[PDB]
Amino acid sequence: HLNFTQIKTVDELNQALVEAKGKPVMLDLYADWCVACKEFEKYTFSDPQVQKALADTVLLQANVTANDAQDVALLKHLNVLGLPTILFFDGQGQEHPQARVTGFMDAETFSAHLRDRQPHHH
């Protein structure tokens, strides 16, 4: 399983971005009842290719299973319309909306998607 850092609120995401400044970030939005989210874990995040590709990316996760007020605020703030959604932020903390993943992707497809991100080495 990937080693995600959990965030719950907008404030928490923003502080994680501040601390990640200098490395690219991936924010995975998850719920226990989200079938394609579980499929990401089974087929894609579990694949060494993907795991190694992500090794120099800070991985964040929001678990919105409850859909509580903080979850909803977070989704609204990110203009998320459904799950799964995966956002990508460059090493300056800027999100690139075209990089958003909003459906299941297998490991080869996801890997290719990672490759097409804004360059991120120093």
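Just count from 1 along the sequence shown to find any residue number.
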item	value
Stretch with the higher entry mean CA B-factor, where the candidates are 4-12 and 112-120	112-120
Stretch with the higher entry mean CA B-factor, where the candidates are 92-100 and 41-49	92-100
Residue with maximal Cα B-factor (values as given in the PDB entry) among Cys34, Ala66, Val58, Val72	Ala66
Ranked against its chain, the third holding the CA B-factor of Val18	highest
